[PDB]
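This report concerns only the one structure given below.
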Amino acid sequence: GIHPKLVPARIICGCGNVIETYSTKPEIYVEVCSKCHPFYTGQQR
Amino acid sequence: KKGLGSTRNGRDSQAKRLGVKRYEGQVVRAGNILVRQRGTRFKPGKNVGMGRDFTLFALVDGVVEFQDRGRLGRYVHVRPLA
Amino acid sequence: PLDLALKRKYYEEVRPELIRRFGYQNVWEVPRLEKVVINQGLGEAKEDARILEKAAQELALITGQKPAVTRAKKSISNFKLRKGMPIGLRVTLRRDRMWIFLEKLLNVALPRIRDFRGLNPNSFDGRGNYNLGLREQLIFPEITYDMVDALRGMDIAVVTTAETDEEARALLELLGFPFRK
Amino acid sequence: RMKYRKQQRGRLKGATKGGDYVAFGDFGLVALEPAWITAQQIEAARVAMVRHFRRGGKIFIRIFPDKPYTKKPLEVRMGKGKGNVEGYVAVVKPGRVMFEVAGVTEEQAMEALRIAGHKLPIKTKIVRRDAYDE
Amino acid sequence: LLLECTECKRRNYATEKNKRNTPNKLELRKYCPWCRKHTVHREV
Amino acid sequence: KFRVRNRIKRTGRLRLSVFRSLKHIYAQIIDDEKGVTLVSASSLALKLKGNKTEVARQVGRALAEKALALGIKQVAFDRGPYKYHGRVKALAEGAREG
RNA sequence: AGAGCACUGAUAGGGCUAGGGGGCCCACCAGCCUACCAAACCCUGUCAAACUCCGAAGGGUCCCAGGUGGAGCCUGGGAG
RNA sequence: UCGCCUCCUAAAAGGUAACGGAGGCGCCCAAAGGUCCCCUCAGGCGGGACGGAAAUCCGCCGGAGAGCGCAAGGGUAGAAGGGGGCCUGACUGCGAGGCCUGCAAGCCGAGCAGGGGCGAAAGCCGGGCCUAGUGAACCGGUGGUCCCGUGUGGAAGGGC
RNA sequence: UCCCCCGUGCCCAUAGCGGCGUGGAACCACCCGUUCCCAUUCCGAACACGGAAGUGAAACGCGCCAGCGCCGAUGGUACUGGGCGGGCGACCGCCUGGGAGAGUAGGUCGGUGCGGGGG
Ligand SMILES: [Mg+2]
Ligand SMILES: [Mg+2]
Ligand SMILES: [Mg+2]
Ligand SMILES: [Mg+2]
Ligand SMILES: [Mg+2]
Ligand SMILES: [Mg+2]
Ligand SMILES: [Mg+2]
Ligand SMILES: [Mg+2]
Ligand SMILES: [Mg+2]
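Chains as they are written, first to last, in our numbering: chain A, 52 to 96; chain B, 12 to 93; chain C, -3 to 177; chain D, 38 to 171; chain E, 76 to 119; chain F, 5 to 102.
As structure tokens, this is what we get:
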């Protein structure tokens, strides 16, 4: 290795969820679901 | 009539005898030198060679020749044999 | 490991819709993605010591792999660049490592951008090298706050197998690259 | 200019290559024998042309003083004359097309070049044109 | 800056130079002598 | 790019220029001065199998068999752009061993 | 030597064009014309001891052949 | 100004003078030394958070216009240029043959033995890309040495 | 003996640049994966191993063009040995040998030897 690997799990999208993960820190919540449709997604104004 | 004195432009350096020593078609012995020069203008070929100062010296007894590798430079060789 | 979201969404969708629009003869003509490169326009923290290196222990959180420092040659004295041995943090990432960041680019590291209209539709160099600029960095989800200090922006280039100026612009349009039209 | 300082001389050997042909112009001036034309007869020959016809024509000087003069001031012998006390000169050999102009007939231009031809130490011969273009 | 080196468990010398200010304050390297054959040389 | 082609050309002759491709490995013993090839050992041009490393080790044993009846003994390697590591070692390491 | 502008620098005219000069948009801070000064680049025509993409007549050296000339070589005495 | 280095004057072998025209040296490098391996510039165009004509990046063009410590010239990416590793051959004893040249010098150098470094091996290594960075001889200090050492034995001094 | 492909060597741009078509049977490259040898001042980018899902797009070799680039005569000229003449002057002229430079027509998108594989 020599650096932390790629432990996946869930990145807690704020909306509902996305799995995806790897990166580093597993159980990462993120506030805006960000894709997930929270704004600019299918247009919404 | 009393004027000024001096400049800065009389220095020079003394000669270095820069030349081709033996020429093409000259019998040369062993060790002789063939090219005293600045850099790699003529490059060492068959049975030639150089140390330090780009000095083409015959490794072995023979005849000296020139061939022109256009691109690859100018090459002084040695035809040992006879 | 070898299978991920936009990983699938690449082959399983993006390539085809690219060909019915345009029209490709061979297979190795589709704009697939070859390399993603990251460059830190630093120069600042060059001065002191307590901070300059910490611009690296984090850029392994966005790609799993540690980054790389680089320097210069020319002698510009306009700011303490004597002779030439300064700062230049960069990183490059391929395979899955080039995918997760993408999977984390247009999905979590997006909404929290000041005046987020999308992405630049004018910043095109013809050959598939669209460019942007990342001022803030907390938009990366891992880049929190509880272990940071201040601003450390950077800009990232993108490399394609594309041909035309309009080409990759379309490739972008299906991976998640909104513009302003 | 920028150049660098001063320069040796150069014996005007073969009255030749210092030579041309009436290019962009109607009539022109020629050199019968060589000299070192200076950056002070040129202008003197130039303005002498303009003054013949106010509001008109275009004079095409084709020589330039890119040469240093060198004179010492009353002293003895040491070093090399900084000189330039008259400035710069232009290496002129025969056959060279000194000037050439355009913009009028000949009765209004057989003289403008006849005049300025008197501002030169060397004999001159006005060139009509002769479409011998190479 | 002048310098010369002697060998270990036997004093005998050779020739070279050090530079001091360029942090090089110790100087010991291997070398070939004319008595015995090949060993560690010092300084002083 | 190549250098060591020149590096040997300084010393003696008998270029053993090895070509390695992704599934193929060809090894000659070519002499300059006269500028002519000799033992043209190969495998994808011979008939040997296809396991790469442990296949070069045998073509390496071919030149030995083939050359030692031609008046040959003088090693004079010619690494290409490659790096004396895997197949090039096995190709080699059988040579003098052959 | 000569000649040439492909490197080093120098130069007249024209051209298109980075910058600035006049004049509006009179100011988001950019823009267009221009008998204006100006480099990048091109054509026209050039300058050079310390420029050469080229290049002589001649010059030096080895081989062969003519060449016996107060030629040439070696050793030593003597000088000027 | 006096010694040494680079270009022209130097009239195409060498060399050439002038209180001619222009510039440098009296340093330096334990890595700037050797071996094995990886890589190849300046500049330009166009995109790129800083900065901004010029900061690290990226795509294209880019044959040498960059770099090679310092003046200049020759040379050179088909490396002598930029990184890494292992090393001390900036060894000892010799040294054919030669450039230059009045003497003294200065300079290049294959080949062998003792021993070693690098590399799988071919091979290379007797300092540095080179051309400047230096001082006959006399006198004296320091360390070794089968040496000489005054009637003899030590010693004193000398010698290599 | 010839043609294609591969390794390579010479003559050194009548090989180069750019564009255009072809080539995938074998050839070689792209390409799959980094478990082991090896490795990146991050990274299988490159070096490297294991290999058959895909392809000739890239890169590469082969044929056409002549825009750039290069090669380039004959002719004549500058110049110059050597002998000679004219002007005080800057310079010029004659004869016998040598003979350029650039510019013209023209040529050019290479030629060739060895081995190996496939025709
Ligand atoms: Mg020499
Ligand atoms: Mg030690
Ligand atoms: Mg001893
Ligand atoms: Mg030892
Ligand atoms: Mg001349
Ligand atoms: Mg005879
Ligand atoms: Mg070195
Ligand atoms: Mg350099
Ligand atoms: Mg058939």
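Backbone N, C-alpha and C define an ideal beta-carbon position, used for all residues, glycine too.
Distance between beta carbons of residue j and residue i, contact taken as under 8 Å
i	j	result
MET143 (chain C)	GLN36 (chain C)	With 8 Å as the limit, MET143 (chain C) and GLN36 (chain C) do not qualify as a contact, their Cβ atoms being about 18 Å apart.
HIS89 (chain D)	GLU143 (chain D)	Between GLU143 (chain D) and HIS89 (chain D) the Cβ distance is about 13 Å, and since that is not below 8 Å, they are no contact.
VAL134 (chain D)	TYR41 (chain D)	About 29 Å separates the two Cβ atoms, so there is no contact after all.
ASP72 (chain B)	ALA26 (chain B)	Not quite, the Cβ-Cβ distance comes to about 31 Å (not below 8 Å), so this is no contact.
residue 189 (chain D)	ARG99 (chain D)	Beyond the ends of chain D as shown, which are 38 and 171, falls residue 189 (chain D); an answer cannot be given.
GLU35 (chain B)	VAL75 (chain B)	6 Å
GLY98 (chain F)	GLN62 (chain F)	7 Å
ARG19 (chain F)	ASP36 (chain F)	6 Å
Residue nearest to residue i in terms of C-alpha spacing, selected from the options
i	options	result
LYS79 (chain C)	C:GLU13, C:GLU99, C:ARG148 and C:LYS70	C:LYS70
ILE44 (chain B)	B:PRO91, B:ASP72, B:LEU67 and B:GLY73	B:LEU67
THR18 (chain B)	D:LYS119, D:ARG151, D:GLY51 and D:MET135	D:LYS119
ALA69 (chain B)	B:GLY30, B:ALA26, B:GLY81 and B:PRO91	B:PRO91
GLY140 (chain D)	D:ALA52, D:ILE96, D:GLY55 and D:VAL126	D:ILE96
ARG65 (chain F)	F:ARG7, F:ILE33 and F:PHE6	F:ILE33
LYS94 (chain E)	E:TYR106, E:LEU78, E:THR114 and E:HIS113	E:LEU78
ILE152 (chain C)	C:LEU167, C:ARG123, C:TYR141 and C:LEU101	C:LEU101
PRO131 (chain D)	D:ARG38, D:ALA72 and D:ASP63	D:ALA72
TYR86 (chain B)	B:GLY16, B:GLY60, B:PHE53 and B:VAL59	B:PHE53
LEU134 (chain C)	A:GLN94, A:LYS86, A:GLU82 and A:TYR91	A:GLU82
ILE139 (chain C)	C:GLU43, C:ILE96, C:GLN53 and C:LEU168	C:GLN53
Short CB-CB distance (under 7 Å) between residue i and chain B
i	result
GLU143 (chain D)	no
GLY116 (chain D)	yes
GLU112 (chain D)	yes
Within-7 Å CB hit, residue i to chain C
i	result
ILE63 (chain A)	no
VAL58 (chain A)	no
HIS88 (chain A)	no
Chain-ordered chain B contacts of residue i [CB-CB under 9 Å]
i	result
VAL122 (chain D)	Chain B residues near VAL122 (chain D): none, gap ~16 Å exceeds 9 Å.
Within chain C, partners of residue i - CB distance below 7 Å
i	result
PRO77 (chain A)	Those within 7 Å of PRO77 (chain A) in chain C number zero; the least Cβ separation is about 11 Å.
Euclidean distance between Cα positions of residue i and residue j
i	j	result
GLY93 (chain D)	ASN121 (chain D)	34 Å
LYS56 (chain A)	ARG131 (chain C)	28 Å
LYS5 (chain C)	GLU99 (chain C)	10 Å
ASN103 (chain C)	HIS88 (chain A)	10 Å
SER46 (chain F)	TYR30 (chain F)	4 Å
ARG114 (chain D)	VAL39 (chain B)	52 Å
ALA45 (chain C)	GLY50 (chain B)	47 Å
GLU118 (chain E)	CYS110 (chain E)	17 Å
residue 196 (chain C)	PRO82 (chain C)	Because chain C spans -3 through 177 in this model, residue 196 (chain C) falls outside it and cannot be assessed.
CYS84 (chain A)	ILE63 (chain A)	8 Å
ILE76 (chain F)	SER21 (chain F)	16 Å
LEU128 (chain C)	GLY67 (chain A)	29 Å
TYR88 (chain F)	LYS27 (chain F)	18 Å
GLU40 (chain C)	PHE175 (chain C)	32 Å
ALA68 (chain D)	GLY124 (chain D)	22 Å
Contact set between residue i and chain A, taken where Cβ atoms lie within less than 9 Å
i	result
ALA1 (chain C)	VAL69, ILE70 and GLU71
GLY114 (chain C)	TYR91
Interface residues of chain D facing residue i [CB-CB closer than 9 Å]
i	result
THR18 (chain B)	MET115, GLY116 and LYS117
Interface partners of residue i on chain A, CB under 7 Å
i	result
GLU99 (chain C)	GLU71
Contact list for residue i against chain A, beta-carbon separation under 8 Å
i	result
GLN61 (chain C)	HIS54
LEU130 (chain C)	Going along chain A, no residue has its Cβ under 8 Å from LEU130 (chain C), so there is no contact; the nearest lies around 16 Å.
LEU57 (chain C)	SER74, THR75 and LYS76
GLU138 (chain C)	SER74, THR75, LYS76 and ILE79
Beta carbon proximity, residue i to chain D, threshold 7 Å
i	result
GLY14 (chain B)	yes
Cβ of residue i within 7 Å of any chain A Cβ
i	result
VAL104 (chain C)	yes
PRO107 (chain C)	yes
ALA64 (chain C)	no
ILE34 (chain C)	no
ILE72 (chain C)	no
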